[PDB]
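Asker: One file is attached below, query.csv, containing CSV, C-alpha atoms (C1' of nucleotides).
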chain,number,residue,atom,x,y,z
D,2,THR,CA,10.0,-2.7,52.8
D,3,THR,CA,12.2,-0.9,50.3
D,4,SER,CA,12.8,-1.8,46.7
D,5,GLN,CA,16.3,-2.2,45.4
D,6,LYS,CA,15.9,0.8,43.2
D,7,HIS,CA,15.1,2.8,46.4
D,8,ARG,CA,18.4,1.8,48.1
D,9,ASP,CA,20.4,2.3,44.9
D,10,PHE,CA,19.1,5.9,44.7
D,11,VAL,CA,19.5,6.6,48.4
D,12,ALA,CA,23.1,5.3,48.7
D,13,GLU,CA,24.9,7.9,46.6
D,14,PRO,CA,24.3,11.5,45.6
D,15,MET,CA,21.9,12.0,42.6
D,16,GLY,CA,24.4,14.1,40.5
D,17,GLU,CA,23.1,13.7,37.0
D,18,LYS,CA,20.7,10.7,37.3
D,19,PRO,CA,17.8,10.7,34.9
D,20,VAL,CA,14.3,11.1,36.4
D,21,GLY,CA,13.7,7.4,35.6
D,22,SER,CA,16.0,6.5,38.4
D,23,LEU,CA,13.7,7.7,41.2
D,24,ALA,CA,12.0,5.0,43.3
D,25,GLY,CA,8.4,4.6,42.0
D,26,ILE,CA,9.0,6.2,38.6
D,27,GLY,CA,9.2,3.8,35.7
D,28,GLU,CA,9.3,4.1,32.0
D,29,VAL,CA,5.8,5.5,31.4
D,30,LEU,CA,5.8,8.0,34.3
D,31,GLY,CA,9.4,9.0,33.4
D,32,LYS,CA,8.4,9.8,29.9
D,33,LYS,CA,5.4,11.8,31.0
D,34,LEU,CA,7.5,13.8,33.4
D,35,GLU,CA,10.1,14.4,30.7
D,36,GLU,CA,7.4,15.8,28.4
D,37,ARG,CA,6.1,17.9,31.3
D,38,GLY,CA,9.5,19.4,31.8
D,39,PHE,CA,11.0,17.6,34.9
D,40,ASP,CA,13.6,15.8,32.8
D,41,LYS,CA,16.3,15.3,35.5
D,42,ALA,CA,16.2,13.7,38.9
D,43,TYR,CA,17.5,16.9,40.7
D,44,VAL,CA,14.6,18.8,39.1
D,45,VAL,CA,12.1,16.5,40.9
D,46,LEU,CA,14.3,17.0,44.0
D,47,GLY,CA,13.9,20.8,43.7
D,48,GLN,CA,10.2,20.5,43.2
D,49,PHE,CA,10.1,18.4,46.3
D,50,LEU,CA,12.1,21.0,48.3
D,51,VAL,CA,10.0,24.0,47.1
D,52,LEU,CA,6.9,22.3,48.7
D,53,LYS,CA,8.8,22.5,52.0
D,54,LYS,CA,9.2,18.7,52.2
D,55,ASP,CA,5.5,18.3,52.8
D,56,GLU,CA,4.0,14.8,52.1
D,57,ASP,CA,0.5,15.3,50.9
D,58,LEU,CA,1.3,18.3,48.7
D,59,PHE,CA,4.1,16.5,46.9
D,60,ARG,CA,2.0,13.4,46.4
D,61,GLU,CA,-0.9,15.4,45.0
D,62,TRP,CA,1.5,17.3,42.7
D,63,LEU,CA,3.0,14.1,41.4
D,64,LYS,CA,-0.5,12.6,40.8
D,65,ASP,CA,-1.5,15.8,39.0
D,66,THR,CA,1.6,16.0,36.8
D,67,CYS,CA,2.2,12.4,35.6
D,68,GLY,CA,-0.9,10.6,37.0
D,69,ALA,CA,0.8,8.1,39.3
D,70,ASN,CA,-1.2,6.2,41.8
D,71,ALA,CA,-0.9,6.0,45.5
D,72,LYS,CA,2.0,3.5,45.7
D,73,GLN,CA,4.3,5.1,43.1
D,74,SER,CA,3.9,8.6,44.6
D,75,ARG,CA,4.5,7.2,48.1
D,76,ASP,CA,7.7,5.4,47.0
D,77,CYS,CA,9.0,8.5,45.2
D,78,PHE,CA,8.3,10.7,48.2
D,79,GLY,CA,9.9,8.3,50.6
D,80,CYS,CA,13.0,7.9,48.5
D,81,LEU,CA,13.4,11.7,48.2
D,82,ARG,CA,12.9,12.3,51.9
D,83,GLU,CA,15.6,9.7,52.7
D,84,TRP,CA,18.0,11.2,50.2
D,85,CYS,CA,17.4,14.6,51.7
D,86,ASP,CA,18.1,13.3,55.2
D,87,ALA,CA,21.2,11.5,54.0
D,88,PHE,CA,22.9,14.3,52.0
D,89,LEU,CA,21.1,17.6,52.6
G,1,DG,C1',22.6,-3.8,-103.4
G,2,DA,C1',17.5,-5.3,-103.0
G,3,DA,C1',14.4,-8.2,-100.6
G,4,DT,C1',13.0,-11.2,-96.8
G,5,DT,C1',13.2,-11.6,-92.2
G,6,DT,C1',13.9,-11.3,-86.4
G,7,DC,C1',14.3,-8.2,-82.5
G,8,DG,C1',12.6,-4.2,-80.5
G,9,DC,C1',9.2,0.1,-80.2
G,10,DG,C1',4.6,2.1,-79.6
G,11,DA,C1',-0.3,1.5,-79.3
G,12,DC,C1',-3.6,-1.5,-77.3
G,13,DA,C1',-4.9,-4.2,-73.9
G,14,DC,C1',-5.2,-6.0,-69.2
G,15,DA,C1',-4.4,-6.2,-64.2
G,16,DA,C1',-3.6,-4.4,-59.3
G,17,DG,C1',-3.1,-0.9,-55.7
G,18,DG,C1',-4.7,3.4,-53.9
G,19,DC,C1',-8.0,6.9,-53.5
G,20,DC,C1',-12.9,9.3,-54.2
G,21,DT,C1',-18.1,8.7,-53.2
G,22,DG,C1',-22.3,7.1,-51.7
G,23,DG,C1',-25.7,3.9,-49.4
G,24,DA,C1',-27.1,0.8,-45.5
G,25,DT,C1',-26.7,0.3,-41.2
G,26,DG,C1',-26.5,1.3,-36.6
G,27,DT,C1',-25.7,4.8,-32.9
G,28,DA,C1',-26.6,8.8,-30.3
G,29,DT,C1',-30.5,12.6,-29.6
G,30,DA,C1',-34.6,15.4,-29.2
G,31,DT,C1',-39.5,15.1,-28.3
G,32,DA,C1',-43.5,13.1,-25.9
G,33,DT,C1',-46.1,9.8,-22.8
G,34,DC,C1',-47.0,7.4,-18.1
G,35,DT,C1',-46.4,4.2,-14.5
G,36,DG,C1',-44.8,2.2,-10.5
G,37,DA,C1',-41.2,2.9,-7.4
G,38,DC,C1',-38.9,6.1,-4.5
G,39,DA,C1',-39.8,9.8,-1.1
G,40,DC,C1',-42.2,11.9,2.6
G,41,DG,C1',-45.6,11.8,6.8
G,42,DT,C1',-47.5,9.5,11.1
G,43,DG,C1',-48.4,5.9,15.3
G,44,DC,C1',-46.1,3.6,18.4
G,45,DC,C1',-43.2,1.0,20.8
G,46,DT,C1',-39.0,-1.2,21.6
G,47,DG,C1',-34.5,-0.1,22.0
G,48,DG,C1',-31.2,3.2,23.4
G,49,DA,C1',-29.8,6.7,27.0
G,50,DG,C1',-28.9,7.9,32.0
G,51,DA,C1',-27.6,7.2,36.9
G,52,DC,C1',-25.4,4.0,40.3
G,53,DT,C1',-22.7,0.2,42.2
G,54,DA,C1',-19.3,-3.7,42.7
G,55,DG,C1',-15.5,-5.9,41.2
G,56,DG,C1',-12.2,-7.7,38.2
G,57,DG,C1',-9.0,-6.5,34.4
G,58,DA,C1',-5.4,-3.9,33.1
G,59,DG,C1',-1.8,-0.5,33.9
G,60,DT,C1',2.5,0.2,35.9
G,61,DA,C1',6.7,-0.7,38.6
G,62,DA,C1',10.5,-4.3,40.2
G,63,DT,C1',13.5,-8.0,39.0
G,64,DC,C1',15.8,-12.2,36.6
G,65,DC,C1',17.8,-14.1,33.1
G,66,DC,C1',18.0,-15.5,28.4
G,67,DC,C1',18.8,-14.7,24.1
G,68,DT,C1',19.7,-11.4,20.5
G,69,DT,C1',23.2,-8.5,18.7
G,70,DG,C1',28.2,-7.7,17.4
G,71,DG,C1',32.8,-9.1,16.8
G,72,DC,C1',36.7,-12.1,15.5
G,73,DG,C1',39.5,-15.8,12.8
G,74,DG,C1',39.5,-19.6,9.7
G,75,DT,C1',37.7,-22.5,6.4
G,76,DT,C1',36.5,-23.7,2.7
G,77,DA,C1',31.5,-24.1,-0.2
G,78,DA,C1',29.7,-21.4,-3.2
G,79,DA,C1',29.3,-17.3,-6.2
G,80,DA,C1',31.3,-14.6,-10.3
G,81,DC,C1',33.1,-14.4,-14.6
G,82,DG,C1',34.4,-15.7,-19.3
G,83,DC,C1',34.0,-18.6,-23.2
G,84,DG,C1',32.4,-22.0,-26.7
G,85,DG,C1',28.4,-23.9,-28.6
G,86,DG,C1',23.9,-25.9,-29.9
G,87,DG,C1',19.2,-26.3,-29.1
G,88,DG,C1',15.4,-23.4,-28.5
G,89,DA,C1',12.6,-19.0,-29.6
G,90,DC,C1',10.8,-16.6,-33.3
G,91,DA,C1',9.4,-15.5,-37.8
Rewrite the structure from the file as structure tokens, please.
Answerer:
Amino acid sequence: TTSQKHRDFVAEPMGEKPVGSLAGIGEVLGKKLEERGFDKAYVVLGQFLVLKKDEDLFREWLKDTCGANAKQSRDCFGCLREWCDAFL
DNA sequence: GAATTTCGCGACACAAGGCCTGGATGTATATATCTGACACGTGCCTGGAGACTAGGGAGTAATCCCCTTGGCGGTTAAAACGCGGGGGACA
């Protein structure tokens, strides 16, 4: 149900992880996000938080920023929500 | 010492290179002619454009592992260098 990258991100605090470490964000989407500005994982975390942890809003924002499809956005949102529940 | 004579000198001659000049030739140019091949105009009709749908190809992440890179220590096989010379390039 969960990719290994998902668990690896969830287990420990993000600290200074690159945006490419998020579940559902690979090389291409990572590079697009870095161009768009969100060049650190905690930056995407903050963008998640500002949207009040909402699901649909965050998924639409991710699709509109880097162009990810349903699955990649869903994985990123799920990993971020679990990380918030585990450390926030 | 005088006269006759052989070697050299100057005038005549000849020969060769370089330059001055003109003609024959071909080349580029102005004028004039004209034709047939390029340019434009029209009918139509066949091919390109537009709207819509289904589905498969491709994009993108996740993951494994292999194989490419880098490093080390010896061990020589091969490269560098100099030197004499003779055969090959060049005129």
Asker: Just checking: using all atoms listed in the file, which residue out of D:28, D:34, D:53, D:42 ends up closest to residue D:14?
Answerer: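 Using all atoms listed in the file, the shortest distance to residue D:14 belongs to D:42.
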Asker: For the interface of chain D with chain G (cut-off 12 Å, counting only C-alpha atoms (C1' of nucleotides)), please tabulate each contacting residue of chain D alongside its nearest pair of atoms and their separation in Å to one decimal, rows sorted by chain and increasing number, as JSON lines.
Answerer:
{"residue": "D:3", "atom": "CA", "partner": "G:62", "partner_atom": "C1'", "distance": 10.8}
{"residue": "D:4", "atom": "CA", "partner": "G:62", "partner_atom": "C1'", "distance": 7.3}
{"residue": "D:5", "atom": "CA", "partner": "G:62", "partner_atom": "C1'", "distance": 8.1}
{"residue": "D:6", "atom": "CA", "partner": "G:62", "partner_atom": "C1'", "distance": 8.0}
{"residue": "D:7", "atom": "CA", "partner": "G:62", "partner_atom": "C1'", "distance": 10.5}
{"residue": "D:21", "atom": "CA", "partner": "G:61", "partner_atom": "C1'", "distance": 11.1}
{"residue": "D:22", "atom": "CA", "partner": "G:61", "partner_atom": "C1'", "distance": 11.8}
{"residue": "D:23", "atom": "CA", "partner": "G:61", "partner_atom": "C1'", "distance": 11.2}
{"residue": "D:24", "atom": "CA", "partner": "G:61", "partner_atom": "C1'", "distance": 9.1}
{"residue": "D:25", "atom": "CA", "partner": "G:61", "partner_atom": "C1'", "distance": 6.5}
{"residue": "D:26", "atom": "CA", "partner": "G:61", "partner_atom": "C1'", "distance": 7.3}
{"residue": "D:27", "atom": "CA", "partner": "G:61", "partner_atom": "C1'", "distance": 5.9}
{"residue": "D:28", "atom": "CA", "partner": "G:61", "partner_atom": "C1'", "distance": 8.6}
{"residue": "D:29", "atom": "CA", "partner": "G:60", "partner_atom": "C1'", "distance": 7.7}
{"residue": "D:30", "atom": "CA", "partner": "G:60", "partner_atom": "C1'", "distance": 8.6}
{"residue": "D:31", "atom": "CA", "partner": "G:61", "partner_atom": "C1'", "distance": 11.3}
{"residue": "D:68", "atom": "CA", "partner": "G:60", "partner_atom": "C1'", "distance": 11.0}
{"residue": "D:69", "atom": "CA", "partner": "G:60", "partner_atom": "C1'", "distance": 8.8}
{"residue": "D:70", "atom": "CA", "partner": "G:60", "partner_atom": "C1'", "distance": 9.2}
{"residue": "D:71", "atom": "CA", "partner": "G:60", "partner_atom": "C1'", "distance": 11.7}
{"residue": "D:72", "atom": "CA", "partner": "G:61", "partner_atom": "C1'", "distance": 9.5}
{"residue": "D:73", "atom": "CA", "partner": "G:61", "partner_atom": "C1'", "distance": 7.7}
{"residue": "D:74", "atom": "CA", "partner": "G:61", "partner_atom": "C1'", "distance": 11.4}
{"residue": "D:76", "atom": "CA", "partner": "G:61", "partner_atom": "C1'", "distance": 10.4}
{"residue": "D:77", "atom": "CA", "partner": "G:61", "partner_atom": "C1'", "distance": 11.6}
Asker: Which value, in Å to one decimal, gives the distance between atom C1' of residue G:53 and atom CA of residue D:64?
Answerer: 25.5 Å
Asker: To one decimal place in Å, what is the distance between atom CA of residue D:83 and atom CA of residue D:10?
Answerer: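 For atom CA of residue D:83 relative to atom CA of residue D:10, the distance reads 9.5 Å.
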Asker: What lies within 12 Å of residue D:58 using only C-alpha atoms (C1' of nucleotides), ignoring chain neighbours under 4 positions off, as a ChimeraX atom specification?
Answerer: /D:48-54,62-65,74-75,78
Asker: Could you check how far atom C1' of residue G:64 sits from atom CA of residue D:79, in Å to one decimal?
Answerer: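 For atom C1' of residue G:64 relative to atom CA of residue D:79, the distance reads 25.5 Å.
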Asker: Between D:82, D:2, D:89, D:11, which has the minimum distance to residue D:56 (counting all atoms listed in the file)?
Answerer: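 Among the listed residues, D:82 lies closest to residue D:56.
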Asker: Please list, as a ChimeraX atom specification, the residues that have an atom at most 10 Å away from (22.1, 16.2, 37.6) in the coordinates of this file, counting only C-alpha atoms (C1' of nucleotides).
Answerer: /D:14-20,40-44
Asker: When you look at residue D:13 with a cut-off of 9 Å (counting only C-alpha atoms (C1' of nucleotides)), what residues show up, excluding the ones that are within fewer than 4 positions of it in the same chain? I need them as number ranges by chain.
Answerer: D: 9, 84, 88
Asker: Could you please fill out stretch 9-43 of chain D with N, CA and C atoms and send it back as a PDB file, in the frame of the given file?
Answerer:
ATOM      1  N   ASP D   9      19.377   1.898  45.857  1.00  0.00           N
ATOM      2  CA  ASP D   9      20.400   2.300  44.900  1.00  0.00           C
ATOM      3  C   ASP D   9      20.349   3.856  44.734  1.00  0.00           C
ATOM      4  N   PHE D  10      19.159   4.456  44.724  1.00  0.00           N
ATOM      5  CA  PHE D  10      19.100   5.900  44.700  1.00  0.00           C
ATOM      6  C   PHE D  10      19.553   6.560  45.948  1.00  0.00           C
ATOM      7  N   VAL D  11      19.188   5.985  47.097  1.00  0.00           N
ATOM      8  CA  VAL D  11      19.500   6.600  48.400  1.00  0.00           C
ATOM      9  C   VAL D  11      21.032   6.574  48.664  1.00  0.00           C
ATOM     10  N   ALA D  12      21.745   5.525  48.249  1.00  0.00           N
ATOM     11  CA  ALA D  12      23.100   5.300  48.700  1.00  0.00           C
ATOM     12  C   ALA D  12      24.040   6.463  48.322  1.00  0.00           C
ATOM     13  N   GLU D  13      23.920   6.964  47.102  1.00  0.00           N
ATOM     14  CA  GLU D  13      24.900   7.900  46.600  1.00  0.00           C
ATOM     15  C   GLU D  13      24.180   9.160  46.092  1.00  0.00           C
ATOM     16  N   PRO D  14      24.889  10.286  46.029  1.00  0.00           N
ATOM     17  CA  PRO D  14      24.300  11.500  45.600  1.00  0.00           C
ATOM     18  C   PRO D  14      23.719  11.439  44.182  1.00  0.00           C
ATOM     19  N   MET D  15      22.626  12.162  43.925  1.00  0.00           N
ATOM     20  CA  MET D  15      21.900  12.000  42.600  1.00  0.00           C
ATOM     21  C   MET D  15      22.797  12.485  41.477  1.00  0.00           C
ATOM     22  N   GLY D  16      23.519  13.589  41.622  1.00  0.00           N
ATOM     23  CA  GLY D  16      24.400  14.100  40.500  1.00  0.00           C
ATOM     24  C   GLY D  16      23.573  14.377  39.278  1.00  0.00           C
ATOM     25  N   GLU D  17      23.761  13.549  38.253  1.00  0.00           N
ATOM     26  CA  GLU D  17      23.100  13.700  37.000  1.00  0.00           C
ATOM     27  C   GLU D  17      22.180  12.531  36.630  1.00  0.00           C
ATOM     28  N   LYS D  18      21.574  11.890  37.621  1.00  0.00           N
ATOM     29  CA  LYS D  18      20.700  10.700  37.300  1.00  0.00           C
ATOM     30  C   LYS D  18      19.488  11.182  36.561  1.00  0.00           C
ATOM     31  N   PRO D  19      19.024  10.385  35.606  1.00  0.00           N
ATOM     32  CA  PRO D  19      17.800  10.700  34.900  1.00  0.00           C
ATOM     33  C   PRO D  19      16.578  10.464  35.873  1.00  0.00           C
ATOM     34  N   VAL D  20      15.478  11.149  35.553  1.00  0.00           N
ATOM     35  CA  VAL D  20      14.300  11.100  36.400  1.00  0.00           C
ATOM     36  C   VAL D  20      13.783   9.676  36.538  1.00  0.00           C
ATOM     37  N   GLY D  21      14.065   8.826  35.550  1.00  0.00           N
ATOM     38  CA  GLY D  21      13.700   7.400  35.600  1.00  0.00           C
ATOM     39  C   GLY D  21      14.319   6.640  36.721  1.00  0.00           C
ATOM     40  N   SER D  22      15.356   7.183  37.358  1.00  0.00           N
ATOM     41  CA  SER D  22      16.000   6.500  38.400  1.00  0.00           C
ATOM     42  C   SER D  22      15.352   6.594  39.774  1.00  0.00           C
ATOM     43  N   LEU D  23      14.414   7.525  39.926  1.00  0.00           N
ATOM     44  CA  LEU D  23      13.700   7.700  41.200  1.00  0.00           C
ATOM     45  C   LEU D  23      12.951   6.437  41.545  1.00  0.00           C
ATOM     46  N   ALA D  24      12.859   6.131  42.831  1.00  0.00           N
ATOM     47  CA  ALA D  24      12.000   5.000  43.300  1.00  0.00           C
ATOM     48  C   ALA D  24      10.558   5.364  42.974  1.00  0.00           C
ATOM     49  N   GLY D  25       9.841   4.430  42.358  1.00  0.00           N
ATOM     50  CA  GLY D  25       8.400   4.600  42.000  1.00  0.00           C
ATOM     51  C   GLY D  25       8.169   5.320  40.732  1.00  0.00           C
ATOM     52  N   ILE D  26       9.196   5.637  39.953  1.00  0.00           N
ATOM     53  CA  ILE D  26       9.000   6.200  38.600  1.00  0.00           C
ATOM     54  C   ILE D  26       9.640   5.308  37.599  1.00  0.00           C
ATOM     55  N   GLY D  27       8.791   4.712  36.764  1.00  0.00           N
ATOM     56  CA  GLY D  27       9.200   3.800  35.700  1.00  0.00           C
ATOM     57  C   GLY D  27       9.367   4.435  34.392  1.00  0.00           C
ATOM     58  N   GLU D  28       9.155   3.633  33.348  1.00  0.00           N
ATOM     59  CA  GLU D  28       9.300   4.100  32.000  1.00  0.00           C
ATOM     60  C   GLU D  28       8.208   5.095  31.601  1.00  0.00           C
ATOM     61  N   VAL D  29       6.958   4.709  31.851  1.00  0.00           N
ATOM     62  CA  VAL D  29       5.800   5.500  31.400  1.00  0.00           C
ATOM     63  C   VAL D  29       5.769   6.833  32.145  1.00  0.00           C
ATOM     64  N   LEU D  30       5.840   6.761  33.472  1.00  0.00           N
ATOM     65  CA  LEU D  30       5.800   8.000  34.300  1.00  0.00           C
ATOM     66  C   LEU D  30       7.012   8.844  34.003  1.00  0.00           C
ATOM     67  N   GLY D  31       8.165   8.218  33.801  1.00  0.00           N
ATOM     68  CA  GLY D  31       9.400   9.000  33.400  1.00  0.00           C
ATOM     69  C   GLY D  31       9.181   9.734  32.163  1.00  0.00           C
ATOM     70  N   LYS D  32       8.614   9.092  31.142  1.00  0.00           N
ATOM     71  CA  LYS D  32       8.400   9.800  29.900  1.00  0.00           C
ATOM     72  C   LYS D  32       7.403  10.908  30.008  1.00  0.00           C
ATOM     73  N   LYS D  33       6.333  10.683  30.775  1.00  0.00           N
ATOM     74  CA  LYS D  33       5.400  11.800  31.000  1.00  0.00           C
ATOM     75  C   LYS D  33       6.021  12.941  31.696  1.00  0.00           C
ATOM     76  N   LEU D  34       6.855  12.677  32.704  1.00  0.00           N
ATOM     77  CA  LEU D  34       7.500  13.800  33.400  1.00  0.00           C
ATOM     78  C   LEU D  34       8.492  14.498  32.465  1.00  0.00           C
ATOM     79  N   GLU D  35       9.204  13.756  31.618  1.00  0.00           N
ATOM     80  CA  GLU D  35      10.100  14.400  30.700  1.00  0.00           C
ATOM     81  C   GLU D  35       9.369  15.312  29.728  1.00  0.00           C
ATOM     82  N   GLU D  36       8.197  14.878  29.263  1.00  0.00           N
ATOM     83  CA  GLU D  36       7.400  15.800  28.400  1.00  0.00           C
ATOM     84  C   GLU D  36       6.941  16.994  29.243  1.00  0.00           C
ATOM     85  N   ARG D  37       6.528  16.798  30.497  1.00  0.00           N
ATOM     86  CA  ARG D  37       6.100  17.900  31.300  1.00  0.00           C
ATOM     87  C   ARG D  37       7.182  18.846  31.748  1.00  0.00           C
ATOM     88  N   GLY D  38       8.443  18.463  31.565  1.00  0.00           N
ATOM     89  CA  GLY D  38       9.500  19.400  31.800  1.00  0.00           C
ATOM     90  C   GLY D  38      10.574  18.841  32.814  1.00  0.00           C
ATOM     91  N   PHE D  39      10.131  18.124  33.843  1.00  0.00           N
ATOM     92  CA  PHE D  39      11.000  17.600  34.900  1.00  0.00           C
ATOM     93  C   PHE D  39      11.860  16.462  34.297  1.00  0.00           C
ATOM     94  N   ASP D  40      12.901  16.771  33.527  1.00  0.00           N
ATOM     95  CA  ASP D  40      13.600  15.800  32.800  1.00  0.00           C
ATOM     96  C   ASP D  40      14.960  15.385  33.450  1.00  0.00           C
ATOM     97  N   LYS D  41      15.126  15.720  34.728  1.00  0.00           N
ATOM     98  CA  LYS D  41      16.300  15.300  35.500  1.00  0.00           C
ATOM     99  C   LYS D  41      15.866  15.018  36.912  1.00  0.00           C
ATOM    100  N   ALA D  42      16.574  14.108  37.580  1.00  0.00           N
ATOM    101  CA  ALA D  42      16.200  13.700  38.900  1.00  0.00           C
ATOM    102  C   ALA D  42      16.262  14.914  39.888  1.00  0.00           C
ATOM    103  N   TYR D  43      17.321  15.720  39.780  1.00  0.00           N
ATOM    104  CA  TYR D  43      17.500  16.900  40.700  1.00  0.00           C
ATOM    105  C   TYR D  43      16.359  17.884  40.459  1.00  0.00           C
TER     106      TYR D  43
END
